[PDB]
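Taken in order, these protein sequences are the chains called U, F and Y.
The first sequence maps to residues 18 to 167, 171 to 244 in UniProt numbering.
The second sequence maps to residues 18 to 167, 171 to 244 in UniProt numbering.
The third sequence maps to residues 18 to 167, 171 to 244 in UniProt numbering.
Virtual Cβ for every residue (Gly too), placed ideally from N, Cα, C.
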Amino acid sequence: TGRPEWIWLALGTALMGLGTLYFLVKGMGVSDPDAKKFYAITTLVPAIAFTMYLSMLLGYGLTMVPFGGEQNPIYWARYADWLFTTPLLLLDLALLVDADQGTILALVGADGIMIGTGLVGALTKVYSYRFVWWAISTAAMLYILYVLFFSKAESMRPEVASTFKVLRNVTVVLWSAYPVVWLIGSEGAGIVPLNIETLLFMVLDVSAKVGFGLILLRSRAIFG
Amino acid sequence: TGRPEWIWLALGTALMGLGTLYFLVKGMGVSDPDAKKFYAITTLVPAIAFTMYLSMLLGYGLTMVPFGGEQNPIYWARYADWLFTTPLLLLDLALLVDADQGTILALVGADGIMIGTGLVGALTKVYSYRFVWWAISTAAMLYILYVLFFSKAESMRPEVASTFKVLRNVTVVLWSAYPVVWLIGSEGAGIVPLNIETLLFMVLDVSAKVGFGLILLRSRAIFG
Amino acid sequence: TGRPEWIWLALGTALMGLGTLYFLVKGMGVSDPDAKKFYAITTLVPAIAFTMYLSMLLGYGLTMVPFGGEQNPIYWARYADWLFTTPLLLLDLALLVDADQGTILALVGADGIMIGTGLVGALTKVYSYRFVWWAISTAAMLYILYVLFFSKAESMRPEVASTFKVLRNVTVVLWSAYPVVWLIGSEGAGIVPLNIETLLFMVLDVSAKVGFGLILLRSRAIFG
Ligand SMILES: *C/C=C(C)/C=C/C=C(C)/C=C/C1=C(C)CCCC1(C)C
Ligand SMILES: *C/C=C(C)/C=C/C=C(C)/C=C/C1=C(C)CCCC1(C)C
Ligand SMILES: *C/C=C(C)/C=C/C=C(C)/C=C/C1=C(C)CCCC1(C)C
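See the structure below:
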């Protein structure tokens with residue numbers, strides 16, 4: 018296809034596909050109720066990402082948004098991906114630390130706003146307003162990062181506290197990159213071109229989903 | 018109206034309407050917490066289907082998708098219907114057998130993918146790619162059917181095991197037809213015309229919702 | 018901006034923003050699991066409304082629908098707001114009275130239909146059909162009001181029964197106004213112009229979210 022970024026969409030599609038299949042097969046025969054939850058949640062993440070990457074590869078998950086006197090290619094399918102995958106990833110962390118339901122509802126709500134405002138930002142036709150929505154989404158992200166950092173995992177089992185610590189550190193570092201990439205890429209300032217932006221989001225997505233999942237499902241904390 | 022398929026949309030609308038009202042009235046005065054859940058879930062299904070059928074009848078739930086050198090009438094409102102009604106139907110089955118939450122999340126996730134990929138298939142403008150999404154959706158269906166077949173209902177009460185068995189058999193046979201109808205109808209190969217396709221989906225929908233519901237709500241398994 | 022209704026969108030945006038911030042700060046340091054739920058739910062409501070009001074102010078949450086030989090400005094962003102905020106408000110009430118899950122699923126389902134059918138009504142191009150969807154949505158509202166009125173709060177604590185009583189009375193009176201405003205405004209009969217309609221919805225929204233929240237979070241019923 019004539020779009021330069023197809024290769025990274027293709028690699029993205031393939032790597033999410035492989036990860037889905039790996040987690041499916043790994044979770045076969047697992048009978049422990051708690052372990053089953055973590056496998057269900059963690060396998061769905063790349064499964065969803067696979068379908069959205071495929072949509073981008075085939076050209077369905079793309080549209081043109083006019084701003085700055087140009088038709089700009091915007092991959093809306095990312096936000097459809099992230100709307101479902103990011104709360105599931107937060108839920109993996111929340112179930113691990115046995116978080117109360119009020120805290121879970123706060124994280125998921127804020128995540129919905131973060132993703133929702135991002136999408137509005139992506140599709141906004143007035144250039145200046147795009148950054149207002151970015152700012153609001155980033156504020157929502159910071160709230161999530163604050164809750165993850167400031171907790172009671174050290175009060176319970178060592179395997180749980182240890183695995184939470186690493187997945188928290190991975191999450192905070194990888195998630196924080198997303199707003200930076202948006203800002204400097206096609207959606208924001210347009211400093212880095214769409215092909216490099218697509219490469220960047222692919223490394224981040226695969227790392228935040230497949231990499232994250234491998235760390236979690238190899239841990240002993242997912243069992244009671 | 019000039020569309021030949023209106024009569025089946027009208028019949029569909031009427032039969033979902035009657036079924037909603039029947040289940041509403043039947044569930045009046047029911048105070049048992051478990052029974053109330055099943056009535057809530059089972060009454061919502063035709064209520065949702067009623068609204069979407071009405072949308073199709075009035076022409077709101079229809080759009081034209083260009084493929085194969087023709088503007089093809091696509092009823093998108095079906096997928097809006099099914100996105101909500103199919104997980105509720107799976108939940109009726111899951112609550113009946115007291116399925117663990119990991120298994121419930123797996124079924125609902127896979128169902129979301131099945132319906133989501135179906136819709137993308139429905140709206141895709143490149144003919145060949147429509148069948149790629151059909152295949153992925155069908156793969157998601159098979160996963161759901163595998164989980165329903167391979171379970172622990174025989175470990176618990178006889179009324180529960182008996183009612184699960186029949187509703188499982190109805191579900192598997194009726195659900196399996198949907199991908200066949202899509203494939204041979206307007207959305208796929210275009211072998212059967214839209215009016216017959218609409219008739220076929222109406223028989224299936226009414227049977228999988230109203231018929232299914234009658235079997236469930238007349239059973240003694242819904243009570244503790 | 019050239020739209021007369023901007024001032025009420027601006028005031029709406031500001032008042033939801035202030036309310037979000039007030040509830041955020043008030044809920045800091047609250048460690049009681051039950052209280053945390055109510056703060057999570059109640060803070061998300063204006064947070065969501067803030068983002069949608071902002072969308073309307075900036076012009077994103079608006080589209081033109083042709084009916085009656087005129088392009089009519091329709092703020093679709095309201096329905097996006099209400100789809101999420103109204104079930105959360107019902108959940109505040111349901112958790113307060115310790116409602117069973119069947120009843121919670123009934124309320125939330127009916128609320129989804131109410132909002133969903135409202136949106137279809139809003140975007141329908143055949144004038145007469147707009148009122149059919151209004152009628153169906155209003156029927157769904159009446160069901161919700163019936164469940165709220167006809171319950172067991174008097175069986176449990178006095179602070180809970182007392183706070184439920186006032187929030188029920190506020191809810192029923194404020195919610196009942198919404199269908200009246202739609203009917204007489206731009207979406208329906210077009211008797212009151214869009215600027216007054218926008219003023220009316222803003223008073224209602226702020227009262228049903230911020231006012232409602234203040235009453236709830238100052239009560240002692242949110243604690244165990
Ligand atoms: C599986 C993929 C993951 C974990 C994606 C995470 C994405 C974010 C944390 C995106 C954040 C954004 C902002 C906070 C600023 C606005 C632009 C977004 C949506 C990229
Ligand atoms: C109440 C209606 C029900 C139970 C509908 C069920 C629909 C399906 C199981 C549809 C399945 C499809 C595929 C697996 C292939 C792609 C086309 C679909 C979405 C019709
Ligand atoms: C936070 C805002 C609230 C509580 C909004 C409530 C809105 C309604 C109860 C709207 C009801 C409607 C009908 C029942 C008739 C159709 C038009 C609607 C959607 C305005």
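From what residue to what residue does the alpha helix (DSSP H) around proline 178(Y) run? 178 to 204
Go ahead and pull the three-state DSSP assignment for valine 47(Y). coil
Near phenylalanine 67(F), what residues of its chain come up, given a Cβ to Cβ distance below 6 Å and the 5 sequence neighbours on each side ignored? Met33, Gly34, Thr37
Would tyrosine 146(Y) pass as an interface residue toward chain F - the criterion being a Cβ-Cβ separation below 7 Å? yes
Alpha-carbon to alpha-carbon, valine 223(F) and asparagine 215(F): 13 Å
Mind checking if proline 50(Y) is an interface residue toward chain U, Cβ cutoff 7 Å exclusive? yes
With the cut-off set at 7 Å, would you say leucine 162(U) and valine 192(U) are in Cβ contact? yes
Quick one: grab the DSSP three-state call for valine 114(U). coil
Comparing the CB of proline 199(U) with every heavy atom of ligand 1, is any distance shorter than 6 Å? yes
Closer than 7 Å, CB to CB, is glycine 126(Y) near chain F or not? yes
Are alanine 241(U) and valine 143(U) touching if we call contact CB-CB under 7 Å? no
Could you confirm whether any beta carbon from chain F is found closer than 7 Å to the beta carbon of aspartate 117(Y)? yes
Short CB-CB distance (under 7 Å) between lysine 43(F) and chain Y: no
Consider the C-beta atom of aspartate 225(F) and the heavy atoms of ligand 2; say whether any pair is separated by less than 6 Å. yes
Taking 6 Å as the cut-off, is the C-beta of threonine 102(U) nearer than that to any heavy atom in ligand 1? yes
For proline 104(Y), count neighbouring Cβ atoms within 10 angstroms of its own Cβ and tell me buried if that reaches 16, exposed if not. buried
Assuming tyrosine 70(U) contacts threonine 30(U) under a Cβ cut-off of 8 Å, what Cβ separation, rounded to an integer in Å, is found between them? 4 Å
By the three-class DSSP mapping on this structure, what secondary structure does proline 90(U) have? strand
Could you spell out where the beta strand (DSSP E) holding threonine 155(F) opens and where it closes? Counting along the chain, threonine 155(F) falls outside any beta strand (DSSP E), though it belongs to the alpha helix (DSSP H) covering 144 to 166.
Where do the ends of the alpha helix (DSSP H) carrying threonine 218(U) lie? 214 to 226
In whole angstroms, what is the alpha-carbon distance linking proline 213(F) and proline 21(Y)? 50 Å
Beta-carbon within less than 7 Å of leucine 187(Y)'s beta-carbon, same chain only, minus the 5 sequence neighbours each way: which residues are those? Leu110, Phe232, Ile235, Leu236
So, helix, strand or coil for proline 21(U), using DSSP? coil
In the structure shown, what three-state DSSP assignment does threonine 60(F) receive? helix
Taking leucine 26(Y) as the reference, give the member of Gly244(Y), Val226(Y), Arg238(Y), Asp128(Y) with the closest Cα. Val226(Y)
Given this structure, state the Cα-to-Cα distance separating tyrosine 56(U) from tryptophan 99(U), to the nearest angstrom. 19 Å
Is the segment 148 to 163 of chain U touching the segment 76 to 86 of chain U in the sense that three or more CB pairs, one from each, lie closer than 8 Å? no
What span of residues does the beta strand (DSSP E) with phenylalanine 84(F) cover, start to end? 80 to 84
Same chain only: Cβ atoms within 8 Å of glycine 135(Y), ignoring 5 sequence neighbours per side: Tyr96, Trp99, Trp150, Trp151, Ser154, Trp202
Return no unless some Cβ of chain U is closer than 7 Å to the Cβ of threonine 68(Y). yes
For the alpha helix (DSSP H) that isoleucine 235(U) lies in, which residues bound it at each end? 232 to 238
Check whether the Cβ of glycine 86(F) sits closer than 6 Å to any heavy atom of ligand 1, and report yes or no. no
CB contact below 7 Å: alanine 152(F) versus chain U: no
Is there a C-beta anywhere in chain U that falls below 7 Å from the one on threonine 80(F)? no
If we cut at 7 Å on Cβ distances, does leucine 159(U) have a partner in chain Y? no
Using only the alpha-carbon positions, how far apart do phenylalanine 148(U) and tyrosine 198(U) sit? 14 Å
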